[PDB]
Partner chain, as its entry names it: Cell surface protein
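There is one chain below, alone, in structure tokens, taken in the form deposited without its partner chain.
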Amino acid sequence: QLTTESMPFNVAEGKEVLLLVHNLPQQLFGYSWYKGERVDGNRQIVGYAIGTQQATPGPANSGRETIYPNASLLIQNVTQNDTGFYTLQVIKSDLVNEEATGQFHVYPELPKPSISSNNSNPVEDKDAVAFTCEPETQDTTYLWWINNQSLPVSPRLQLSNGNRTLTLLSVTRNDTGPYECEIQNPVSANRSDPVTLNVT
């Protein structure tokens, strides 16, 4: 049961991903890595022939891919477009083909976000000011930080636009504190400048 493992599963842009191979048969004739779930000649990335110990790039090669004698495929200077499935073809000594599949995801290196307010001078007795992390990004998870702690879940803490927008239904002067926003993707995360609440 040939299997493939992508180490790491998630990779930031510009780094490299190494695909490992397990349960490799004892008798082998050659390997081949193809872009996509289907073994097709046009999608061949690289091939290796144990008999002649020759490694030859395929039509889909871009110079960033190298094949090791242990069937491991190394891709350097990865990019977002590389996110997809990869299939390994193993040719046994008897030339009967055995296939396997693997995948990995590429994610951007997010920047520190920013916060904007729809009201800059909250009314002390009550107000419905709204906060939002403006630099919207895909497949990102938003976290709101208040007073150096996670937001206390309460109905007064409304959320919108998924939860990229945080609205305090009823503000109070006791709510004064540092307001900070974080974005985290499967690979990286850091926070924004803490905004303050104005009252007197």
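Numbering follows the first chain given and starts at 1.
Only in words, not in the display: the form solved in complex with its partner chain, which the text now covers.
Q: Only one of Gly41, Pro69, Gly162, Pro152 comes within 4.5 Å of its partner chain in the deposited bound form by heavy atoms, so just point that one out.
A: Answer to the contact question: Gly41.
Q: Is it true that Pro135, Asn147 and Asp193 each have at least one non-hydrogen atom within 4.5 Å of its partner chain in the deposited bound form?
A: Spot residues vs its partner chain: no contact at all.
Q: In the deposited bound form, which of 168 to 176, 47 to 55, 139 to 147, 154 to 162 comes within 4.5 Å of its partner chain (heavy atoms)?
A: It is the stretch 47 to 55.
Q: Quick check on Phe131: any heavy atom within 4.5 Å of its partner chain in the deposited bound form?
A: Because no heavy atom of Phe131 falls inside 4.5 Å of its partner chain in the deposited bound form, the answer is no.
Q: In the deposited bound form, is there a heavy atom of its partner chain that lies within 4.5 Å of any heavy atom of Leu74, even though the partner is absent here?
A: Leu74: no contact with its partner chain in the deposited bound form.
Q: Is there a heavy atom of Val96 lying 4.5 Å or less from a heavy atom of its partner chain in the deposited bound form?
A: Looking in the deposited bound form, residue contacts with its partner chain include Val96, since a heavy atom lies within 4.5 Å.
Q: Can you tell me whether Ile91 touches its partner chain? I mean in the deposited bound form, with a 4.5 angstroms heavy atom cut-off.
A: Output for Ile91 is yes: heavy atoms within 4.5 Å of its partner chain.
Q: Considering only 123 to 157, what residues come within 4.5 Å of its partner chain in the deposited bound form, judged by heavy atoms?
A: Read in sequence order, no residue approaches its partner chain (within 4.5 Å, in the deposited bound form).
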